[PDB]
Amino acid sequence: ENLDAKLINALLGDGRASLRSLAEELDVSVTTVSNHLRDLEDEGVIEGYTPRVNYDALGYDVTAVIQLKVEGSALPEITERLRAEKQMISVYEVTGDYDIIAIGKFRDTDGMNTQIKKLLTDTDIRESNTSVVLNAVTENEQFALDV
């Protein structure tokens, strides 16, 4: 009864929980947990597990939201460029005047400016706007599923 949702909600923020702990938490067998976890991964609801890394602690002191205006014919080129840039942790094609939004993590202001100058070598970026993050109140905080 809504076990998958409760299992997902249990792993949220506790993704290295043991099967024994998950089983105790959901009042089910360890085989039941193992089975449901396999099912959810096989169907692609759970894509994988990962640590939440504090890049700030590792010296990536600046996050920036980068907006770009690029004609559709040139989106293939700009998106490939952004995929090559690992510090661009999110890349969105979006409606509106700016049709790319990207979020990057940089060592400091000089680093961010360097990465942007490199990207602006692409002449089909006709307009750009950078917003520097002053407070990340919430970042990629996955919501619990309705049970």
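Counting begins at 1, following the sequence as shown.
A.B. asks: Can you let me know which of the two, 81-89 or 101-109, has the higher average C-alpha B-factor in the entry?
C.D. replies: Here the higher of the two C-alpha B-factor means belongs to 81-89.
A.B. asks: Averaging only over Cα atoms, indicate whether 60-68 or 43-51 has the higher B-factor in the PDB entry.
C.D. replies: According to the entry, 43-51 carries the higher average C-alpha B-factor.
A.B. asks: Going by the CA temperature factor in the entry, name the top one among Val30, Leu37, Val94, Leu120.
C.D. replies: Most elevated C-alpha B-factor of the set, per the entry: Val30.
A.B. asks: Compare the C-alpha B factor of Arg16 with those of the other modelled residues in its chain, then answer lowest, middle or highest third.
C.D. replies: Lowest third of the chain for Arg16's C-alpha B-factor.
A.B. asks: Ranked by Cα temperature factor within the chain, is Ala5 in the lowest third, the middle third or the highest third?
C.D. replies: According to the entry, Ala5 has a C-alpha B-factor in the chain's lowest third.
A.B. asks: Give the position of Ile125 by CA B-factor within its chain, expressed as the lowest, middle or highest third.
C.D. replies: Within its chain, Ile125 is a middle-third residue by C-alpha B-factor, going by the deposited values.
A.B. asks: According to the PDB entry, is the CA B factor of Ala23 in the bottom, middle or top third of its chain, that is, lowest, middle or highest?
C.D. replies: Answer is highest: the recorded C-alpha B-factor places it there.
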